[PDB]
Amino acid sequence: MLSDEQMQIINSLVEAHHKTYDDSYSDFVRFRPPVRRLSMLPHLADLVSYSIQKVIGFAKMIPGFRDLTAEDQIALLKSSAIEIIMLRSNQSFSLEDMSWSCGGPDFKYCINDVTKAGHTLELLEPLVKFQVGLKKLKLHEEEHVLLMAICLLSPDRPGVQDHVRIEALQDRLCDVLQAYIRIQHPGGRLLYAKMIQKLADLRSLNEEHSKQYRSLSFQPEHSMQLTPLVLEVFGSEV
Amino acid sequence: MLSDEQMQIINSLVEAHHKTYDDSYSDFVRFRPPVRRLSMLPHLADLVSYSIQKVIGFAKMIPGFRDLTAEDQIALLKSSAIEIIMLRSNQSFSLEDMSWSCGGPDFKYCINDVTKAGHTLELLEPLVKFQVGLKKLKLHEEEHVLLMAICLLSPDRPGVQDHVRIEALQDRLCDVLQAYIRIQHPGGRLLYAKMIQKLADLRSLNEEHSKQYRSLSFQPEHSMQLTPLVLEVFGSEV
Amino acid sequence: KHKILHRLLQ
Amino acid sequence: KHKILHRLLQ
Ligand SMILES: C=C1/C(=C\C=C2/CCC[C@]3(C)[C@@H](C(CCCC(C)(C)O)CCCC(C)(C)O)CC[C@@H]23)C[C@@H](O)C[C@@H]1O
Ligand SMILES: C=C1/C(=C\C=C2/CCC[C@]3(C)[C@@H](C(CCCC(C)(C)O)CCCC(C)(C)O)CC[C@@H]23)C[C@@H](O)C[C@@H]1O
């Protein structure tokens with residue numbers, strides 16, 4: 001069975017998530033409205049920008065993260081943000097209609113829509129594949145929140161400094177996850193390994209996005225549709 | 001009576017305006033919705049950003065402007081944009097309710113609202129005064145469009161180079177305006193001088209905005225609400 | 001800078 | 001740069 005410190009980690013993460021994720025998606029009406037040349041760009045840019053702020057909020061509450069140098073914090077956020085976005089978005093994803101259901105017709109996001117935001121079907125495909133596979137793991141809220149913190153504390157991120165301390169923090173988290181599945185998750189002998197796998201699939205998805213985004217980013221008529229936060233997090237200014 | 005060249009200028013300006021100004025304000029639903037900490041900021045930032053693009057569009061069609069160096073064009077836009085914004089906004093201003101009426105409750109803009117976008121009443125007052133006074137001049141569409149082009153081609157703008165050619169273009173425009181009022185505007189012996197006056201009131205309003213904006217601009221939690229175009233036009237990068 | 005304006009100015 | 005992130009990180 002788990003220890004006191006590990007259990008205090010589970011609480012903190014679960015609380016952080018609840019505090020930064022609304023299952024009713026009521027804030028989406030404050031974004032520039034969706035429109036089905038990259039007519040979805042304005043809306044999705046806002047959805048992503050909103051989410052960064054949320055990932056930041058969650059991150060600030062990951063035990064150990066607050067103590068990292070401002071630079072490393074920034075370094076981890078910049079390189080993992082999009083991955084954390086994809087992970088948390090799974091909660092709104094539906095195997096039923098292969099889309100992120102956040103509202104009526106307006107906030108239901110089809111693969112098609114992400115295209116009207118400058119993204120091809122070729123790379124939109126692996127995202128759905130990742131979403132579907134991840135959904136099938138029927139993760140407990142405690143595992144979903146752990147995986148996000150693991151992802152965030154990957155020492156292998158361009159720009160990181162104290163990669164030894166990042167490495168250590170991530171390992172402490174990886175422990176709690178393995179222990180938790182062992183004790184609390186009936187029927188999950190492979191789960192862990194499966195979850196670790198997901199982290200690598202995210203890396204590809206990340207790299208892929210970087211390319212797509214770079215292109216978009218360089219055309220001023222498009223970058224003018226993005227928000228300051230997006231431009232900053234995905235920007236390449238050292 | 002007017003000449004052929006002067007009359008060709010009137011047409012071009014009137015057409016440019018019609019092409020860049022919608023009296024139905026139907027595009028406002030694409031902006032982030034208004035909300036009555038600077039809750040109106042997101043919406044107004046979008047309203048202003050939209051307008052810059054429109055002022056650019058109009059500018060590109062001012063006879064003579066297209067031939068200026070890219071730098072001078074940029075220099076004139078950066079320093080006059082806000083002034084042109086205030087001028088064209090007069091069309092939506094209503095002496096009846098002292099507000100810019102662009103839609104139902106949502107798009108009706110009260111002095112109060114601009115406050116929820118980081119602007120004090122002290123300086124919001126002179127704007128209304130300017131709007132009211134300008135409205136009372138019952139300008140013809142031909143005079144309103146001329147005044148905007150005059151304003152835009154003021155040689156006295158920080159950053160301008162060929163101020164002699166700017167000076168000349170503005171004078172050609174000032175001619176057409178004086179001639180037009182003489183020939184076509186029954187009862188306007190003072191009008192011209194009154195209009196030229198307005199240009200100076202704009203200068204103050206401009207300077208005032210610059211200060212307000214600078215403050216806002218420097219607080220990241222606020223500038224993150226603005227758009228790339230606004231940040232660029234009002235930014236101070238040489 | 002002024003990348004956006006340069007583009008909008010065609 | 002990174003003015004926004006620095007601020008959001010408190
Ligand atoms: C955000 C959240 C939601 C859905 C996620 C989506 C649907 C729209 C498009 C997104 C945002 C994907 C996009 C990134 C688009 C952004 C930009 C700036 C236009 O390059 C995909 C890029 C990834 C691939 C590999 C497809 O190229 C990643 C996750 C997808 C809703 C809710 O669950 C909150 C969550 O928090
Ligand atoms: C735009 C247009 C319209 C109205 C104009 C308004 C109402 C809202 C607030 C504005 C946009 C004033 C603001 C500038 C706010 C912008 C920002 C970035 C938040 O610092 C005022 C600053 C001037 C004073 C002197 C008040 O400080 C200037 C003109 C005012 C509607 C339509 O007519 C199109 C027009 O095209």
# chains A, B, ... in the order shown; residues from 1 in each chain; ligands from 1

call {"tool": "residues_near_ligand", "arguments": {"ligand": "ligand 1", "cutoff": "8 Å", "atoms": "only C-alpha atoms and all ligand atoms", "output": "MDAnalysis selection string"}}
result
chainID A and resid 21 25 41 44:45 47:48 50:52 54 82:93 99:102 109:111 113:114 117:121 123:127 204:210 212:213 216 226 230

call {"tool": "residues_around", "arguments": {"residues": "region 4-10 of chain D", "least_positions_apart": "6", "cutoff": "10 Å", "atoms": "only C-alpha atoms", "output": "ChimeraX atom specification"}}
result
/A:52-53,56-57,59-60,66,70-71,73-74,77-78,228-229,232-233 /B:219-224

call {"tool": "atom_distance", "arguments": {"atom1": "CA of residue 138 (chain A)", "atom2": "CA of residue 46 (chain A)"}}
result
28.8 Å

call {"tool": "calpha_fit_and_write", "arguments": {"fixed": "chain C", "moving": "chain D", "output": "short mmCIF file (atom, residue, chain, number, x, y, z; two decimals) with N, CA, C and O atoms, in the first residue's frame"}}
result
data_model
loop_
_atom_site.label_atom_id
_atom_site.label_comp_id
_atom_site.auth_asym_id
_atom_site.auth_seq_id
_atom_site.Cartn_x
_atom_site.Cartn_y
_atom_site.Cartn_z
N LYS D 1 11.05 45.01 -36.54
CA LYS D 1 9.78 44.23 -36.58
C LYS D 1 8.84 44.75 -37.65
O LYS D 1 9.24 44.97 -38.80
N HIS D 2 7.58 44.95 -37.27
CA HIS D 2 6.56 45.43 -38.20
C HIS D 2 6.29 44.44 -39.32
O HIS D 2 6.03 44.84 -40.45
N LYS D 3 6.36 43.15 -39.00
CA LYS D 3 6.12 42.10 -39.98
C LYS D 3 4.66 42.12 -40.47
O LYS D 3 4.40 42.02 -41.67
N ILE D 4 3.72 42.25 -39.54
CA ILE D 4 2.30 42.29 -39.89
C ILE D 4 1.98 43.46 -40.83
O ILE D 4 1.46 43.26 -41.92
N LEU D 5 2.28 44.68 -40.39
CA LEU D 5 2.02 45.87 -41.21
C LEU D 5 2.60 45.74 -42.61
O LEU D 5 1.94 46.08 -43.58
N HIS D 6 3.83 45.26 -42.71
CA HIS D 6 4.47 45.10 -44.01
C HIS D 6 3.67 44.18 -44.90
O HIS D 6 3.61 44.38 -46.11
N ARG D 7 3.06 43.18 -44.30
CA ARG D 7 2.28 42.21 -45.04
C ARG D 7 0.93 42.81 -45.43
O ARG D 7 0.47 42.63 -46.56
N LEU D 8 0.30 43.51 -44.50
CA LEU D 8 -1.00 44.12 -44.77
C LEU D 8 -0.88 45.19 -45.83
O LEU D 8 -1.82 45.46 -46.58
N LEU D 9 0.29 45.82 -45.91
CA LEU D 9 0.52 46.84 -46.91
C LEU D 9 0.83 46.16 -48.24
O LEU D 9 1.32 46.78 -49.18
N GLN D 10 0.53 44.87 -48.30
CA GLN D 10 0.77 44.05 -49.48
C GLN D 10 2.26 43.72 -49.50
O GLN D 10 2.60 42.51 -49.48
#

call {"tool": "select_by_dssp", "arguments": {"residues": "region 12-172 of chain B", "states": "alpha helix (DSSP H)", "output": "ChimeraX atom specification"}}
result
/B:12-20,41-60,70-88,111-115,121-135,141-152,163-172

call {"tool": "atom_distance", "arguments": {"atom1": "atom 25 (C, counted along the ligand's line) of ligand 2", "atom2": "CA of residue 215 (chain B)"}}
result
13.8 Å

call {"tool": "residues_around", "arguments": {"residues": "region 158-172 of chain B", "least_positions_apart": "3", "cutoff": "8 Å", "atoms": "only C-alpha atoms", "output": "ChimeraX atom specification"}}
result
/B:64,71-72,75-76,79,149-150,153-155,175-176

call {"tool": "atom_distance", "arguments": {"atom1": "CA of residue 30 (chain B)", "atom2": "CA of residue 40 (chain A)"}}
result
11.3 Å
